[PDB]
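Asker: I'd like to ask some things about the structure below.
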Amino acid sequence: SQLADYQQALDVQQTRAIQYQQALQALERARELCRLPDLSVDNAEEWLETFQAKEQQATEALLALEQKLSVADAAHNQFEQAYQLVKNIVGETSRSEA
Amino acid sequence: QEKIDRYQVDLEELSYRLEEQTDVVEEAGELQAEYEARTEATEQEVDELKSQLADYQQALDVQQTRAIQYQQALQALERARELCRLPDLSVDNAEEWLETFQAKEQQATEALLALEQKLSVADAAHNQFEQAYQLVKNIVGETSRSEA
Amino acid sequence: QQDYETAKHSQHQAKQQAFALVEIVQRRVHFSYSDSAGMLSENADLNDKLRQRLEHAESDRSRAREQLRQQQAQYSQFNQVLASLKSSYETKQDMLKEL
Amino acid sequence: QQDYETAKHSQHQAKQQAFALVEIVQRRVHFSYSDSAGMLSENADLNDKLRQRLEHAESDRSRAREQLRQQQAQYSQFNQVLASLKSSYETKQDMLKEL
């Protein structure tokens, strides 16, 4: 279309050049946030999938942490009653092993 | 004896069904190949028209004289006047508007990430809820989530 | 998910708006010589008629592609039911000879 | 609670870093515009550079079309053999039920 419509007068070329500067600016911002001075458009997918796995581990972990904090609302009496019930059945056991 | 006869009749019926589907597949294959040649011919026609248009304009658009170049700045400014709710937008005050809209863009990314953290834990929690529900359905069959 | 989708649309519009403002800043130098002028529309008639024939060809190419994709789809389902029939016939034949 | 607030802060670090890298993945096509930026710096007749960039793109597109055609044929063949196995399982299952 640029070759057929040369009356376009480099407007798309200016847009593509400004987009190239925007791509370079974004890459520099990512090298700073990720602290990776050694980076390229061709190998950035390797660090992205690595950090996606890191984010998946953080979200999957934090999900289990959210369920644990949600059940932690139970008062002191339920823990004591359950712990003493186990101790009366099996004998002395640690609270962690109960 | 009757079972061998029934299987022979089933093979005759399957042969009739095969003949009908082979005829349908052959007609569909001819239409597919004809539409392929026609579609490739439409891209070839589009490329021929684009190339002939390029060849025809060669002497017209080469002598641009850097005079028809500023209208692009005017069109960019006009495009921004519709896209950005700023009827008074001028190339002079566009720097204050640029930093003001960049502030809105970073605020939008921060709000997007803030929503994304809760969204990720919620989507995964629903995936485990669905897994527990599928496991219950596989073991007993249909039942409500309240009964799960 | 609806709120995050709305936030993603809002972010896309904000990014597009910020980019339109960056283009104005880059084009301030081009606006400086806005007093200049030159020749235009000498051979515009044939160029516009040829551009219209090209739009007809691109729209017809779009129709041609749509008819091509839907035909590939029905042909694939026809080939799939035919392959299902072939295997059913072959296995029923193998079972008749086994019987 | 101390370990959990630390996990929440760690999740924010991962989200901002991944978001930045994801933006560069969207900008993948924009890095190819380095030729367009060099072309823009010509400031004179450049139709030869435009045609050279296009011929390279035509060569890449033709190789991609050939690659797509042979993969589509291979995928269709794999789809017909899969359907042949499905139909063979159905006839063997019906024969088991009949027996």
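Labels for the structure tokens follow display order: chains A, B, ..., residues from 1 in each chain, ligands from 1.
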Could you superimpose chain D onto chain C using every C-alpha atom, matched in order, and tell me the RMSD in Å?

Answerer: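 C-alpha RMSD after least-squares superposition: 12.1 Å.
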
Asker: Within 7 Å of chain C, which residues belong to chain B? Use only C-alpha atoms and report them as a PyMOL selection string.

Answerer: chain B and resi 4+7+11+14+18+21-22+25+28-29+32+35-36+39+42-43+45-46+49+53+67-70+73+76-77+80+83-84+91+94-95+98+101-102+104-105+108-109+112+115-116+119

Asker: Separation of atom CA of residue 41 of chain A and atom CA of residue 28 of chain A, in Å?

Answerer: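 It comes out at 11.3 Å.
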
Asker: Which chain B residues are at most 6 Å from chain A (counting only C-alpha atoms), as a count of residues only?

Answerer: 5

Asker: When DSSP works through the backbone of this structure, what residues of segment 3-95 of chain A end up as helix (DSSP H, G or I), shown as a VMD selection string?

Answerer: chain A and resid 6 to 8 11 to 33 44 to 71 76 to 90

Asker: For atom CA of residue 92 of chain B and atom CA of residue 75 of chain B, determine how far apart the two atoms are, in Å to one decimal place.

Answerer: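 Going from atom CA of residue 92 of chain B over to atom CA of residue 75 of chain B, I get 15.8 Å.
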
Asker: Between atom CA of residue 16 of chain A and atom CA of residue 96 of chain B, what is the spacing in Å?

Answerer: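 Computing the Euclidean distance for atom CA of residue 96 of chain B and atom CA of residue 16 of chain A yields 24.1 Å.
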
Asker: Taking only C-alpha atoms into account, what are the residues of chain A at most 6 Å from chain D, put as a PyMOL selection string?

Answerer: chain A and resi 13+16-17+19-20+23+30+33-34+48+55+58
